[PDB]
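Next up, work.cif (mmCIF, C-alpha atoms and all ligand atoms):
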data_query
loop_
_atom_site.label_atom_id
_atom_site.label_comp_id
_atom_site.auth_asym_id
_atom_site.auth_seq_id
_atom_site.Cartn_x
_atom_site.Cartn_y
_atom_site.Cartn_z
CA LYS A 1 0.00 0.00 0.00
CA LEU A 2 1.41 3.53 0.39
CA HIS A 3 4.43 3.76 2.71
CA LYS A 4 6.29 6.70 4.14
CA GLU A 5 10.05 6.77 3.47
CA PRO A 6 12.72 9.15 4.96
CA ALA A 7 14.19 11.97 3.07
CA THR A 8 16.44 14.93 3.93
CA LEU A 9 15.79 18.56 3.03
CA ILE A 10 18.35 20.20 0.75
CA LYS A 11 16.35 23.37 -0.17
CA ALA A 12 12.74 24.53 -0.49
CA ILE A 13 12.03 26.02 -3.95
CA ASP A 14 8.51 27.38 -3.64
CA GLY A 15 4.94 26.54 -2.57
CA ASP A 16 4.79 23.08 -4.10
CA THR A 17 8.34 22.19 -5.07
CA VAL A 18 11.13 21.14 -2.61
CA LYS A 19 14.58 19.63 -3.34
CA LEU A 20 15.30 16.60 -1.14
CA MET A 21 17.96 13.95 -0.81
CA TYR A 22 16.10 10.72 -1.33
CA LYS A 23 18.13 7.46 -1.02
CA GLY A 24 21.33 9.41 -1.60
CA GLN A 25 20.15 11.24 -4.78
CA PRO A 26 19.20 15.02 -4.82
CA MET A 27 15.87 15.10 -6.47
CA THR A 28 13.29 17.86 -6.70
CA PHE A 29 9.81 16.83 -5.74
CA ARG A 30 6.57 18.30 -6.80
CA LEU A 31 3.69 18.04 -4.30
CA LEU A 32 0.93 15.73 -5.53
CA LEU A 33 -2.62 17.14 -6.15
CA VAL A 34 -2.06 20.77 -5.31
CA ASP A 35 -1.23 23.89 -7.15
CA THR A 36 0.11 26.93 -5.37
CA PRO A 37 0.24 30.50 -6.83
CA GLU A 38 3.42 31.04 -8.72
CA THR A 39 6.15 33.25 -7.56
CA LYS A 40 8.53 33.32 -10.56
CA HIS A 41 7.51 32.02 -13.94
CA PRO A 42 7.10 34.96 -16.42
CA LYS A 43 4.37 32.99 -18.23
CA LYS A 44 1.88 33.71 -15.37
CA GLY A 45 3.68 36.43 -13.31
CA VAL A 46 3.61 36.45 -9.47
CA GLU A 47 0.12 35.54 -8.47
CA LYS A 48 -1.59 36.65 -5.29
CA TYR A 49 -0.50 34.47 -2.45
CA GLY A 50 2.57 33.11 -4.29
CA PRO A 51 5.15 34.61 -1.70
CA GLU A 52 2.89 33.37 1.09
CA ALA A 53 2.51 29.76 -0.16
CA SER A 54 6.31 29.62 -0.64
CA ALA A 55 6.97 31.00 2.85
CA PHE A 56 4.55 28.51 4.40
CA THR A 57 6.23 25.43 2.72
CA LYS A 58 9.74 26.74 3.47
CA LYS A 59 8.99 27.24 7.14
CA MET A 60 7.19 23.93 7.54
CA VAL A 61 9.97 21.80 5.94
CA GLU A 62 12.91 23.78 7.42
CA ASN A 63 11.58 23.47 10.97
CA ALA A 64 10.68 19.78 10.70
CA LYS A 65 12.96 17.43 12.45
CA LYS A 66 11.65 14.47 10.26
CA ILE A 67 10.71 14.70 6.55
CA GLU A 68 9.01 11.74 4.83
CA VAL A 69 8.16 11.09 1.20
CA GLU A 70 5.06 9.04 0.33
CA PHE A 71 4.65 8.16 -3.39
CA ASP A 72 1.19 7.24 -4.66
CA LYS A 73 0.37 4.14 -6.69
CA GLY A 74 1.00 5.37 -10.28
CA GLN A 75 3.91 7.31 -11.82
CA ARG A 76 6.62 8.38 -9.41
CA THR A 77 8.10 11.11 -11.61
CA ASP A 78 6.47 13.61 -14.01
CA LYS A 79 7.82 14.64 -17.52
CA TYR A 80 10.35 17.07 -15.95
CA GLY A 81 11.94 14.31 -13.81
CA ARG A 82 10.52 15.66 -10.54
CA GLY A 83 9.41 13.07 -7.89
CA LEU A 84 5.62 13.15 -7.39
CA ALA A 85 4.71 12.57 -3.72
CA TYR A 86 2.91 13.48 -0.54
CA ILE A 87 5.57 15.17 1.75
CA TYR A 88 5.12 14.94 5.53
CA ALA A 89 6.98 17.22 8.01
CA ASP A 90 6.82 15.66 11.44
CA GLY A 91 3.93 13.54 10.51
CA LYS A 92 1.94 16.45 9.04
CA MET A 93 1.24 16.36 5.28
CA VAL A 94 2.45 19.63 3.71
CA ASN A 95 0.12 19.17 0.71
CA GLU A 96 -2.89 19.19 3.07
CA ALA A 97 -1.58 21.97 5.31
CA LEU A 98 -1.35 24.41 2.26
CA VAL A 99 -4.83 23.53 1.00
CA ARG A 100 -6.32 23.85 4.59
CA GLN A 101 -4.83 27.43 4.75
CA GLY A 102 -6.20 28.42 1.32
CA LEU A 103 -2.72 28.79 -0.15
CA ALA A 104 -3.15 26.00 -2.75
CA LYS A 105 -5.97 24.60 -4.80
CA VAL A 106 -6.57 20.87 -5.47
CA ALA A 107 -5.17 20.62 -9.03
CA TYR A 108 -3.56 18.17 -11.54
CA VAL A 109 -5.60 15.13 -10.58
CA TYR A 110 -4.06 12.38 -12.70
CA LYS A 111 -5.54 8.91 -11.96
CA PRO A 112 -4.32 6.63 -10.32
CA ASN A 113 -2.15 9.08 -8.38
CA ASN A 114 -5.12 10.27 -6.38
CA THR A 115 -5.32 8.33 -3.10
CA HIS A 116 -5.57 11.47 -0.96
CA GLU A 117 -7.96 13.40 -3.21
CA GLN A 118 -10.95 13.15 -0.96
CA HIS A 119 -8.94 14.13 2.11
CA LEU A 120 -7.60 17.18 0.24
CA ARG A 121 -11.02 18.13 -1.20
CA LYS A 122 -12.38 18.11 2.38
CA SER A 123 -9.72 20.64 3.53
CA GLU A 124 -10.16 22.87 0.51
CA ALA A 125 -14.00 23.09 1.07
CA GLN A 126 -13.31 24.05 4.74
CA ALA A 127 -10.83 26.79 3.63
CA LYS A 128 -13.33 28.16 0.96
CA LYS A 129 -16.06 28.20 3.60
CA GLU A 130 -13.68 30.08 5.91
CA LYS A 131 -12.78 32.49 3.05
CA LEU A 132 -9.09 31.86 3.57
CA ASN A 133 -6.44 33.55 1.47
CA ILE A 134 -6.99 32.38 -2.22
CA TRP A 135 -10.65 32.29 -1.15
CA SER A 136 -10.91 35.56 0.91
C1 LIG A 201 1.45 17.88 -9.97
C2 LIG A 201 1.77 17.36 -11.38
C3 LIG A 201 2.27 18.19 -12.33
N1 LIG A 201 2.61 17.72 -13.59
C4 LIG A 201 3.05 18.61 -14.68
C5 LIG A 201 1.79 19.22 -15.26
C6 LIG A 201 2.30 20.55 -15.73
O1 LIG A 201 2.87 20.42 -17.03
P1 LIG A 201 3.14 21.70 -17.97
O2 LIG A 201 4.38 22.33 -17.49
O3 LIG A 201 2.87 21.15 -19.31
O4 LIG A 201 1.99 22.77 -17.70
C7 LIG A 201 3.38 20.92 -14.75
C8 LIG A 201 2.77 21.74 -13.63
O5 LIG A 201 3.76 21.89 -12.65
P2 LIG A 201 3.90 23.24 -11.85
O6 LIG A 201 2.58 23.55 -11.26
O7 LIG A 201 5.10 23.14 -11.00
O8 LIG A 201 4.18 24.29 -13.01
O9 LIG A 201 3.89 19.68 -14.23
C9 LIG A 201 2.46 16.38 -13.92
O10 LIG A 201 2.77 15.91 -15.00
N2 LIG A 201 1.95 15.56 -12.95
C10 LIG A 201 1.57 15.95 -11.69
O11 LIG A 201 1.08 15.11 -10.96
CO CO A 202 2.06 25.72 -10.61
#
Go ahead and express the file in the form of structure tokens.
Amino acid sequence: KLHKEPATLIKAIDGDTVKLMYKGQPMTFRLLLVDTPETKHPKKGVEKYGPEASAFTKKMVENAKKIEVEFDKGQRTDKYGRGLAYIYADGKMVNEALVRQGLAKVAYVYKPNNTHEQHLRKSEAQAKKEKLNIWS
């Protein structure tokens, strides 16, 4: 079934992308099922809440004493070679934490990499209802 594996932070990149050492390899990982507002990509600009989603992820992974990587059941890497996973910082899923704060939307739902979809949809509806950030 799904299993959590250890990883080590090298550097946070932005809201949904973090570089980690995973089984001795530096790899960058893209957070499954979420999309945060983009900081720097000229083809969208800096969207509202981009600095804030990036600050949230940075803080959460840099202060964690234990980072874990949990891959889903389909593809492990996307077309850019990034690892696709659920990242947990001290047992808390970062992908859910950003959606619960209204700093990410549930996006890019590619079957069968969707085991936590319902869990994430539940947090997003609670953040919309609370008119948090992206929803305010
Ligand atoms: C989250 C995710 C993104 N991607 C791809 C879709 C997008 O491709 P394109 O670049 O063609 O738009 C891109 C979005 O990533 P970012 O949101 O980091 O830009 O990464 C996947 O292929 N699978 C995934 O599960
Ligand atoms: Co994006």
Dump as CSV the rows for residues of chain A within 12 Å of ligand LIG 201 (chain A): closest atom pair and distance in Å with one decimal, only C-alpha atoms and all ligand atoms counted, ordered by chain and rising residue number.
residue,atom,partner,partner_atom,distance
A:13,CA,A:LIG201,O7,10.3
A:14,CA,A:LIG201,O7,9.2
A:15,CA,A:LIG201,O7,9.1
A:16,CA,A:LIG201,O7,6.9
A:17,CA,A:LIG201,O7,6.8
A:18,CA,A:LIG201,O7,10.5
A:28,CA,A:LIG201,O7,10.7
A:29,CA,A:LIG201,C1,9.4
A:30,CA,A:LIG201,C1,6.0
A:31,CA,A:LIG201,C1,6.1
A:32,CA,A:LIG201,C1,5.0
A:33,CA,A:LIG201,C1,5.6
A:34,CA,A:LIG201,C1,6.5
A:35,CA,A:LIG201,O6,5.6
A:36,CA,A:LIG201,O6,7.2
A:37,CA,A:LIG201,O6,8.6
A:38,CA,A:LIG201,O6,8.0
A:39,CA,A:LIG201,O8,10.7
A:40,CA,A:LIG201,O8,10.3
A:41,CA,A:LIG201,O8,8.5
A:42,CA,A:LIG201,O8,11.6
A:43,CA,A:LIG201,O8,10.1
A:44,CA,A:LIG201,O8,10.0
A:50,CA,A:LIG201,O6,11.8
A:71,CA,A:LIG201,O11,10.9
A:72,CA,A:LIG201,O11,10.1
A:73,CA,A:LIG201,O11,11.8
A:74,CA,A:LIG201,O11,9.8
A:75,CA,A:LIG201,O11,8.3
A:76,CA,A:LIG201,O11,8.9
A:77,CA,A:LIG201,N2,7.7
A:78,CA,A:LIG201,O10,4.5
A:79,CA,A:LIG201,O10,5.8
A:80,CA,A:LIG201,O9,7.2
A:81,CA,A:LIG201,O10,9.4
A:82,CA,A:LIG201,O9,8.6
A:83,CA,A:LIG201,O11,9.1
A:84,CA,A:LIG201,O11,6.1
A:85,CA,A:LIG201,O11,8.5
A:86,CA,A:LIG201,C1,10.5
A:95,CA,A:LIG201,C1,10.8
A:104,CA,A:LIG201,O6,10.5
A:105,CA,A:LIG201,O6,10.8
A:106,CA,A:LIG201,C1,9.7
A:107,CA,A:LIG201,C1,7.2
A:108,CA,A:LIG201,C1,5.3
A:109,CA,A:LIG201,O11,6.7
A:110,CA,A:LIG201,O11,6.1
A:111,CA,A:LIG201,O11,9.1
A:112,CA,A:LIG201,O11,10.1
A:113,CA,A:LIG201,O11,7.3
A:114,CA,A:LIG201,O11,9.1
Selected residues written out with C-alpha atoms, as a JSON list (two decimals), in the frame of the given file:
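Below is the file that was written, result_11.json:
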[["chain", "number", "residue", "atom", "x", "y", "z"],
["A", 13, "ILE", "CA", 12.03, 26.02, -3.95],
["A", 14, "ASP", "CA", 8.51, 27.38, -3.64],
["A", 15, "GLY", "CA", 4.94, 26.54, -2.57],
["A", 16, "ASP", "CA", 4.79, 23.08, -4.10],
["A", 17, "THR", "CA", 8.34, 22.19, -5.07],
["A", 18, "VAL", "CA", 11.13, 21.14, -2.61],
["A", 28, "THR", "CA", 13.29, 17.86, -6.70],
["A", 29, "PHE", "CA", 9.81, 16.83, -5.74],
["A", 30, "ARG", "CA", 6.57, 18.30, -6.80],
["A", 31, "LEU", "CA", 3.69, 18.04, -4.30],
["A", 32, "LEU", "CA", 0.93, 15.73, -5.53],
["A", 33, "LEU", "CA", -2.62, 17.14, -6.15],
["A", 34, "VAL", "CA", -2.06, 20.77, -5.31],
["A", 35, "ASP", "CA", -1.23, 23.89, -7.15],
["A", 36, "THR", "CA", 0.11, 26.93, -5.37],
["A", 37, "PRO", "CA", 0.24, 30.50, -6.83],
["A", 38, "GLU", "CA", 3.42, 31.04, -8.72],
["A", 39, "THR", "CA", 6.15, 33.25, -7.56],
["A", 40, "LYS", "CA", 8.53, 33.32, -10.56],
["A", 41, "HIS", "CA", 7.51, 32.02, -13.94],
["A", 42, "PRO", "CA", 7.10, 34.96, -16.42],
["A", 43, "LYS", "CA", 4.37, 32.99, -18.23],
["A", 44, "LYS", "CA", 1.88, 33.71, -15.37],
["A", 50, "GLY", "CA", 2.57, 33.11, -4.29],
["A", 71, "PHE", "CA", 4.65, 8.16, -3.39],
["A", 72, "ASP", "CA", 1.19, 7.24, -4.66],
["A", 73, "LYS", "CA", 0.37, 4.14, -6.69],
["A", 74, "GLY", "CA", 1.00, 5.37, -10.28],
["A", 75, "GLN", "CA", 3.91, 7.31, -11.82],
["A", 76, "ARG", "CA", 6.62, 8.38, -9.41],
["A", 77, "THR", "CA", 8.10, 11.11, -11.61],
["A", 78, "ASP", "CA", 6.47, 13.61, -14.01],
["A", 79, "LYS", "CA", 7.82, 14.64, -17.52],
["A", 80, "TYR", "CA", 10.35, 17.07, -15.95],
["A", 81, "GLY", "CA", 11.94, 14.31, -13.81],
["A", 82, "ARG", "CA", 10.52, 15.66, -10.54],
["A", 83, "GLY", "CA", 9.41, 13.07, -7.89],
["A", 84, "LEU", "CA", 5.62, 13.15, -7.39],
["A", 85, "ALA", "CA", 4.71, 12.57, -3.72],
["A", 86, "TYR", "CA", 2.91, 13.48, -0.54],
["A", 95, "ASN", "CA", 0.12, 19.17, 0.71],
["A", 104, "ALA", "CA", -3.15, 26.00, -2.75],
["A", 105, "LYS", "CA", -5.97, 24.60, -4.80],
["A", 106, "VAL", "CA", -6.57, 20.87, -5.47],
["A", 107, "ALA", "CA", -5.17, 20.62, -9.03],
["A", 108, "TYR", "CA", -3.56, 18.17, -11.54],
["A", 109, "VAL", "CA", -5.60, 15.13, -10.58],
["A", 110, "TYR", "CA", -4.06, 12.38, -12.70],
["A", 111, "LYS", "CA", -5.54, 8.91, -11.96],
["A", 112, "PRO", "CA", -4.32, 6.63, -10.32],
["A", 113, "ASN", "CA", -2.15, 9.08, -8.38],
["A", 114, "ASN", "CA", -5.12, 10.27, -6.38]]
I want to know what sits within 8 Å of residue 60 (chain A), based on all atoms listed in the file, with residues of the same chain fewer than 3 positions away left out; could you give that as a CSV table (one decimal) with C-alpha atoms, in the frame of the given file?
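As a result, selection.csv now contains:
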chain,number,residue,atom,x,y,z
A,56,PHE,CA,4.6,28.5,4.4
A,57,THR,CA,6.2,25.4,2.7
A,63,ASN,CA,11.6,23.5,11.0
A,64,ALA,CA,10.7,19.8,10.7
A,89,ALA,CA,7.0,17.2,8.0
A,94,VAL,CA,2.4,19.6,3.7
Looking at all atoms listed in the file, which of A:136, A:55, A:103, A:118 is the one that sits closest to ligand CO 202 (chain A)?
A:103
Suppose you want the space between CA of residue 27 (chain A) and CA of residue 101 (chain A); what is it in Å?
26.6 Å
As a check of understanding: the span from CA of residue 62 (chain A) to CA of residue 129 (chain A) is 29.6 Å
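If you look at CA of residue 46 (chain A) and CA of residue 87 (chain A), they are 24.1 Å away from each other.
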Given only C-alpha atoms and all ligand atoms as the basis, pick out the residue of A:61, A:97, A:53, A:127 nearest to ligand CO 202 (chain A).
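Distance minimum relative to ligand CO 202 (chain A) lands on A:53.
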Applying 6 Å and all atoms listed in the file, which residues near residue 21 (chain A) remain after dropping the ones on its own chain fewer than 2 positions away? List them as an NGL selection string.
:A and (7-8 or 24-26)
